[PDB]
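This document opens with one chain alone, in structure tokens, the form deposited in one PDB entry.
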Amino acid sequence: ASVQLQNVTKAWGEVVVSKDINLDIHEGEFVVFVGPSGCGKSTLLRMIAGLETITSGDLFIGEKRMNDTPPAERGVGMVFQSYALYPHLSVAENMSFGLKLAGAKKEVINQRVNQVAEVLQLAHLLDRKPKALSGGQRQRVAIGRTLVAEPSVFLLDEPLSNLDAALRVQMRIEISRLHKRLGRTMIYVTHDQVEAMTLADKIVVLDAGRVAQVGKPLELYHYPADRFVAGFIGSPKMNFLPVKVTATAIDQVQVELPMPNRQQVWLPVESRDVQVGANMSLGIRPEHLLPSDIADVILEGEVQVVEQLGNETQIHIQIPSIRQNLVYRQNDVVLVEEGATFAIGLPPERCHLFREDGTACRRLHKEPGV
């Protein structure tokens, strides 16, 4: 029920694809592993599942060590990336398979199946074969199968990753309502920061087999640990500006803009272990950017792209002195042409800062939600 890892390490001979990493997951917590493809998300899930041996470290599920325990006896259950349905078996048989073997109970099965078929709308597909169903339905058969088994820990390997974008959105919600309807531990693997932010109680961001940061979604959004976490969470990517540190106070820090107009501004952030002349990256999210007539920190350039989204408007701007189109994000509709000059405001309080290595400086700007 309560899964926890201690210095878990997986290596294929010499190549270490997962440095000694620890994760503290609590009873019923909704946990999501995010990161780029191959970053080990599935490895970790499969290691918890027991589908992959743990080379080094210790693994506890229900507070007992599981390293050497067969997968079927870990009180766990998994939804596979490919649904992993039995082609030759009907939906009913596909779902009941689990307990169908060893412990055959005719009358008990019919129940559990119908019960989960009710909450997932699969009662009219119980006779059908995983070939006569749609990716959406086949995806519900996968979840249903593990729901019937009633495992203590749920393991899901990118369940929505292969569905229409519209169904995906809809299925995110259905999951959350399945989560609190059961209140059991769920481990959710995905590459979509949207899926992490919206489902996860606790989020585990992985960077090439290494944990970058752990915590609540809203915590990871405002206060990232390093440049990667920052650059991975959020609809449009966070803007990174090459800056040079100039002044150093205990309260805050100051950096220099790469423009011909060498402007300077103080940033309410950590000032421990910082030096003047260090080339750093300035972090600011498009949504937090302001209109020009408000803030006194002006940034003017040329509009390259105009993405009208209806609910909002996204604008990419070529700032003279940075080969990175500065991106702006506002509400409703912004009547602006492609190529016409445009200026925005830079809020110093809403800024992040990263060292040479990429490690972020603890933001001293209190944010709502933490």
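Sequential numbering from 1, following the sequence displayed. Between two forms, the rigid core is defined as the largest C-alpha subset superposing within 1.5 Å.
The PDB entry reports B-factors from which the mean C-alpha value can be compared for 327-335 and 36-44; the larger average falls on 327-335. Note on 132-140 vs 238-246: mean CA B-factor is higher in 238-246. Reading the B-factor column for the CA atoms of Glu73, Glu219, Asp157, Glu300 in the entry, the top value corresponds to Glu300. Highest CA B-factor among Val31, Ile315, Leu51, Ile344, as stated in the entry: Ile344.
Per-chain ranking of the deposited C-alpha B factor places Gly231 in the middle third. Ranked by C-alpha B-factor against the other modelled residues of its chain, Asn162 falls in the lowest third. Compared with the other modelled residues of the chain, the Cα B-factor recorded for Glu174 ranks in the lowest third. Annotation for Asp192: C-alpha temperature factor in the lowest third relative to the rest of the modelled chain, per the entry. When the CA B factors of the chain's modelled residues are split into thirds, the value for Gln81 lands in the lowest one.
As for the form deposited in another entry, it is not shown, yet the points below apply to it.
When the two forms are overlaid on the rigid core, CA displacement between the shown form and the other one of 2 Å or more is confined, within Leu290, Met259, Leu182, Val297, to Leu182. The rigid-core alignment places the CA of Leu23 less than 2 Å apart between the shown form and the other one.
After superposing the rigid core, the Cα of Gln170 is displaced by 2 Å or more between the shown form and the other one. The rigid-core alignment places the CA of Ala249 less than 2 Å apart between the shown form and the other one.
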